[PDB]
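What follows is a short report on a single structure.
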Amino acid sequence: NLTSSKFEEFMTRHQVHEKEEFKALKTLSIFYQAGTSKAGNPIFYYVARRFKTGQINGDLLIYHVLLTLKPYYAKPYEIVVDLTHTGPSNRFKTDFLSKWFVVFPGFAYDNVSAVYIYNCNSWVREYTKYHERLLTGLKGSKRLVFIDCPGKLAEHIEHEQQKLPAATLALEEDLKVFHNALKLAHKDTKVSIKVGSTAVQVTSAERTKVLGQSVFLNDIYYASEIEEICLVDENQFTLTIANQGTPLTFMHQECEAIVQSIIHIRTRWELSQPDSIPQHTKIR
């Protein structure tokens with residue numbers, strides 16, 4: 001016995017406004033409205049990074065999102081979702097996911113002008129496969145438009161109005177490209193590796209099918225998270241990362257050239273961090 005009217009009344013009766021945990025969401029800048037688009041519809045930006053699985057009550061997040069969309073969701077609107085550096089830590093459970101379909105009044109769903117997805121990664125694709133049933137409605141969705149490369153979104157969105165996260169742009173994908181690196185694994189897929197200043201971004205060069213739309217996956221690994229860096233051979237190198245099980249092996253004609261930078265990147269962070277002596281504390 002739950003509906004949009006019921007949910008709104010309950011939360012309104014609850015004093016969520018002064019909880020001081022609702023206020024924190026404003027600082028985190030999750031689902032903030034950003035200017036307009038080519039059609040003139042307002043734009044909103046949802047940041048996947050900013051949400052932890054359990055540290056905060058999940059209903060307050062919905063109320064904040066609903067509150068912001070209430071004034072404008074009557075008219076058609078465009079929403080862009082940033083899934084950069086998505087991880088299992090920031091996720092929606094099966095039960096909590098379902099509420100999104102029902103809590104909103106329902107007529108706003110029809111006012112979804114267009115959807116933009118940026119900096120998707122394989123983990124997100126894996127999540128969709130597991131939760132396919134609930135998302136079957138969005139299967140082959142016309143409103144879903146995937147930003148395969150950065151050079152496309154700026155065209156469709158009003159440039160100088162888009163306000164994507166500064167940290168995302170800070171990476172800028174502005175470092176050397178080791179084109180035609182091959183990801184040796186059960187199956188081999190061409191991966192383009194950029195050794196960024198503070199992180200390493202692996203951009204696949206082969207399109208993949210997610211919800212019936214082709215897109216290129218771009219996994220991002222922060223330099224701080226690079227615990228293990230082993231160069232087994234100049235033909236291929238080994239990159240094990242925290243709680244990732246089997247390491248990632250790739251083939252490049254000059255592995256030490258890439259690994260040299262990775263060691264250079266990691267070594268710089270070691271100086272940046274205050275204390276590397278505290279470590280471990282967990283035996284898997």
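Here's how to read the names in the structure tokens: chain A, B, ... by the order shown, residue numbers from 1 in each chain, ligand numbers from 1 in the order shown.
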Just the residues within 10 Å of residue A:21, please, counting only C-alpha atoms, with nothing from its chain fewer than 5 positions along; format it as number ranges by chain.
-> A: 16, 26, 56-57, 60-61
Write out as a ChimeraX atom specification which residues come within 8 Å of stretch 109-112 of chain A when counting only C-alpha atoms, dropping same-chain ones fewer than 5 positions away.
-> /A:73-79,143
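The gap separating atom CA of residue A:210 from atom CA of residue A:142 is 13.2 Å, in Å to one decimal.
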Would you list, as a PyMOL selection string, the residues of stretch 35-117 of chain A that end up in helix (DSSP H, G or I) under DSSP run on this structure's backbone?
-> chain A and resi 58-69+94-103+107-110
Find, counting only C-alpha atoms, the residue in A:43, A:153, A:185, A:67 that gets nearest to residue A:8.
->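 Among the listed residues, A:67 lies closest to residue A:8.
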Atom CA of residue A:29 sits from atom CA of residue A:2 at a separation of 28.4 Å
If we count only C-alpha atoms, what is near stretch 223-230 of chain A at a cut-off of 10 Å, once residues fewer than 2 positions away on the same chain are taken out, given as number ranges by chain?
-> A: 195-201, 220-221, 232-233, 236-242, 247, 259, 262-263, 265-270, 272-273
Kindly indicate which residue among A:279, A:55, A:27, A:41 lies nearest to residue A:158, using only C-alpha atoms for the distances.
->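 Of A:279, A:55, A:27, A:41, the one nearest residue A:158 is A:41, counting only C-alpha atoms.
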Do you know which residues are at most 8 Å from residue A:34 counting only C-alpha atoms, after dropping those on the same chain fewer than 5 positions away, and could you put them as a PyMOL selection string?
-> chain A and resi 42-45+161-163
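Ranking A:48, A:83, A:30, A:154 by their shortest atom-to-atom distance to residue A:68, with only C-alpha atoms included, puts A:30 first.
When only C-alpha atoms are used to measure the gap to residue A:145, the shortest distance among A:177, A:81, A:164, A:257 belongs to A:81.
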Nearest to residue A:207: which of A:260, A:53, A:121, A:253 is it, counting only C-alpha atoms?
->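 Closest candidate: A:121.
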Tell me which of A:160, A:69, A:6, A:139 sits closest to residue A:36, counting only C-alpha atoms.
->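 Nearest candidate to residue A:36 out of A:160, A:69, A:6, A:139: A:160.
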Give me, please, the distance in Å between atom CA of residue A:124 and atom CA of residue A:219, quoted to one decimal.
->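 Computed distance, atom CA of residue A:124 to atom CA of residue A:219, equals 10.1 Å.
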